[PDB]
Amino acid sequence: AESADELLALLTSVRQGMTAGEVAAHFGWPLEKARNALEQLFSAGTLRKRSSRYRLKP
Amino acid sequence: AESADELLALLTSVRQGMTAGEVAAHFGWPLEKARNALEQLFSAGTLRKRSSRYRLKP
Amino acid sequence: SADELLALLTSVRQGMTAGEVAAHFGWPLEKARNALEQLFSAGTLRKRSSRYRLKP
Amino acid sequence: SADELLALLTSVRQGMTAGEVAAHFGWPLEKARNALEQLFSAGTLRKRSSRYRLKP
């Protein structure tokens, strides 16, 4: 019962937050195309974005 | 600039309503698999559904 | 023939679901769904497809 | 070498964005992003990827 689980993962992310990697994987798009889509909709005011954060490994 | 427009169509539908046909097209899935996904998530309480309605042509 | 179904749908201008049609005529659900889908494929009826949306 | 960057990140335990790093050191954004990505690829840093969400 993969498909219900894949759709639920997408729907949950739309609300909680999705990555370009996740969008690329669901749509079968290359990473740059997913990133562009998301960046354009962020610019357009459709999405909010939390920028990537880097921290020390333990 | 297709990809921003495709993503925006999906995101709009998640809120306003999506069809099995639309889900099949975005995910590259067969229709029956999209329908099953949506029906299972409707059963699970994740989604609401407006059933198909038929009316006379003019 | 679908004479009864079309007459019914002539009144209800917003349209009817297969379940509403099955209940009205006392037809099995499969029979209602197949009759409506047949009439849609023939161009007699228009169909608004089932839509699913997120709960708020 | 990334001696300054790692020292900075040693304090800020929740982590920093490339923009915050660029602002702190007065480095061009590309330089900040490349240095962090290099250190992430090397296994020195962990990275929480950018997430986008719908407006309510």
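Residues numbered from 1 in each chain as written, not as in the entry; some residues may be left out. Chains lettered and ligands numbered in written order. Heavy atoms only, no water.

In the PDB header, X-ray crystallography is given as the technique by which the entry was determined, and 2.100 Å as its resolution.

Participant: What am I meant to see in the pattern of salt bridges here?
Facilitator: A side chain of one charge can pair with a side chain of the opposite charge if their charged atoms are brought near each other. This model, assessed by the stated rule, comprises 10 salt bridges over all chains. As a salt-bridge pair, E20(C) and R53(B) come within 2.8 Å of each other at their nearest N and O atoms. With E20(C) in helix α2 (residues 18-25) and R53(B) in strand β2 (residues 53-56), this pair bridges two chains. Accessibility expressed as a relative area gives 34% for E20(C), which makes it partly exposed. (Salt bridge = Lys/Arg side-chain N within 4 Å of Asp/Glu carboxyl O. Helix = DSSP H or I, 4+ residues; strand = E, 2+ residues; numbered from the N terminus. Buried < 20%, exposed > 50% of the residue type's maximum accessible area, 1.4 Å probe, protein only.)

Participant: Which parts of the structure should I look at to understand the environment of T12(B)?
Facilitator: Residue placement: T12(B) occurs in helix α1 (residues 2-16). As a C-alpha pair, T12(B) and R53(B) span 41 residues in sequence and 22 Å in three-dimensional space.

Participant: I keep staring at helix α3 (residues 31-44) of chain A and nothing clicks. Help me out?
Facilitator: One full turn of an α-helix is made of 3.6 residues, so residues set three or four places apart face in the same direction. Across its 14 residues, α3(A) extends 20 Å between first and last C-alpha, which sits within 8% of the 20 Å expected from 1.5 Å per residue. For α3(A), the set of buried residues is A34(A), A37(A), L38(A) and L41(A). Buried residues of α3(A) fall within an arc of 90 degrees about the axis and therefore sit on the same side. Facing away from the buried surface of α3(A) by more than 90 degrees, the exposed residues are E32(A) and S43(A). In this fold, the buried residues of α3(A) make contact with α2 (20-27) and β1 (47-50) of chain A, α1 of chain B together with β2 (51-54) of chain D. (Expected span 1.5 Å × (residues − 1). Arc of directions from axis to C-beta. Contact = heavy atoms within 4.5 Å.)

Participant: Please clarify how the nonpolar core should be interpreted in this entry.
Facilitator: Most often, soluble globular proteins have nonpolar side chains that are buried together. Ranked by internal contacts, the top residues of the largest apolar core, which has 34 residues, are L7(A), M18(A), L38(A), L7(B), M18(B) and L38(B). Contributing elements (two or more residues each) for this core: α1 (2-16), α2 and α3 of chain A together with α1, α2 (20-27) and α3 (31-44) of chain B. (Core = buried A, V, L, I, M, F, W, Y, C linked by side-chain atoms within 4.5 Å.)

Participant: Could you clarify how one ought to interpret the side chain of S52(B) in this entry?
Facilitator: Assignment of secondary structure puts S52(B) in the loop between β1 (47-50) and β2. Overall, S52(B) belongs to the buried group, its relative accessible area being 14%. Not counting residues within four places of it along the chain, the set of residues in contact with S52(B) comprises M16(C), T17(C), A18(C), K47(C), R48(C), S49(C) and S50(C).

Participant: Mind showing me how you'd approach the interface of chain D and chain A here?
Facilitator: For interface size, the figure often reported is the accessible area lost on association. Residue-level contacts link 27 residues of chain D with 25 residues of chain A. Of all residues in chain D, the largest losses of buried area upon contact with chain A belong to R46(D), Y52(D) and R53(D), amounting jointly to 35% of the total for that side. Applying the counting rule to chain D against chain A returns 2 salt bridges. Where chain D packs against chain A, one counts 17 residue pairs in polar contact. Residue assignment for the side of chain D that touches chain A shows that the elements contributing at least two residues are α1 (3-11), α2 (18-25), α3 (29-41), β1 (45-48) and β2 of chain D. Among the residues making up the side of chain D that touches chain A, the classes are represented as 10 nonpolar, 8 polar and 9 charged. (Buried area = accessible area lost by both parts, 1.4 Å probe. Polar contact = N/O pair within 3.5 Å; in protein donor to acceptor, adjacent residues only side chain to side chain. Nonpolar A, V, L, I, M, F, W, Y, C, P; charged D, E, K, R; others polar.)

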